[PDB]
């Protein structure tokens, strides 16, 4: 009697492009047939797909997670030729939500941004706002799983997007404003005094980039006022923000439930303090992931309907979660478009032919000697949506420890412009902005 090795299932992209395949291999008297795993699009897909053992077992990513479905069942055959004791059962073929072309484009630009910025890493995600499908999710630096030598687990192995949590910063501002709009205390045109560009929250003092004076709720977003944001928190009921942020998906891991996925950090209003609630308003007394960020912006661009995040191609269309009223979501959407226009703080996110709506952010490390916030250690963030008239894609870009042209989040904005434009054209999304 001899074993009959089950061919491991094919992992493919949404259009059937093979991403993980198995090829017959022989051991030499008699022969022994085994299978060798091969990854045709290596570096862009490695952190999501993972890797197998010498034995053929998944030890990382989706190879690990979906190992029982992908491995199948080994057969048995009597030892001359040929009579089966137990029939062979091939592993299940898996089709992902991922578009390998969008994946290739995202990885290529993430490398360009990481090299130009002498960064520690550059991570991104693209989601179909209407379906909840992840079309691209990659991180630079990645690795080649087909190669057996060397390796660096410490960073490259290692889905950063799913495992890394950070303070969202200004990327939180549109959710703070959405909480203020739903309270019925405010309208987009409602005024908040931000003079003289500073404000005190206990022994902590908050500053804006400039004295923006009296701002509307739309102005809080467009000028990215930390003062306006904190003042909104102060005027609202104590429960307002932690409760709206919980309904938006923060403080909990996403529907993907990727191995090792972070849930972020979000405290309830009972864990107290008005000045701590003042800090949450501009994204500081809380931790988020790129997945929670992507799902929140996809919601804002899908008439307040948060579609469940998925790494698998759909064979049912979910109804989604109605987190916000459609009028509020549309209002916030309109404020995000204005951030990219003259007078705005996200002008470098602009794409010709496509109306863009988004927000920059900066996530600063606390600093070892506790002498304020670190100027070197920080994440440049960009959360955006396009085309604004009928949004198709939500995209988050995170650049770790950049040393480039701009200080702060602005560094992640032209990276988004690049990926979003090429991604919308590849999907053949019709233009919605007059060309000049």
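Positions refer to the first chain, counted from 1.
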Missing from the model but present in the deposited sequence, between residue 79 and residue 80: 4 to 9
If you count the residues of the deposited sequence that sit between residue 28 and residue 29 but have no coordinates, do you get none, 1 to 3, 4 to 9, or 10 or more? 10 or more
Which is higher on average in the deposited entry, the C-alpha temperature factors of 231-239 or of 127-135? 231-239
Comparing 197-205 with 300-308, which has the greater mean CA B-factor as deposited? 197-205
Checking the record values for 152, 254, 171, 111, which has the greatest CA B factor? 152
Sort 44, 384, 387, 58 by C-alpha B-factor from the entry and give me just the highest. 58
Lowest, middle or highest third: where is residue 417 by Cα B-factor in its chain? lowest
Determine, from the deposited record, the chain-internal third of the Cα B-factor for residue 339: lowest, middle or highest. lowest
Looking at the C-alpha B-factor of residue 394, is it in the lowest, middle or highest third of its chain? lowest
Select lowest, middle or highest to describe the third in which the CA B-factor of residue 210 falls within its chain in this entry. highest
The third of the chain into which the C-alpha temperature factor of residue 223 falls is the lowest
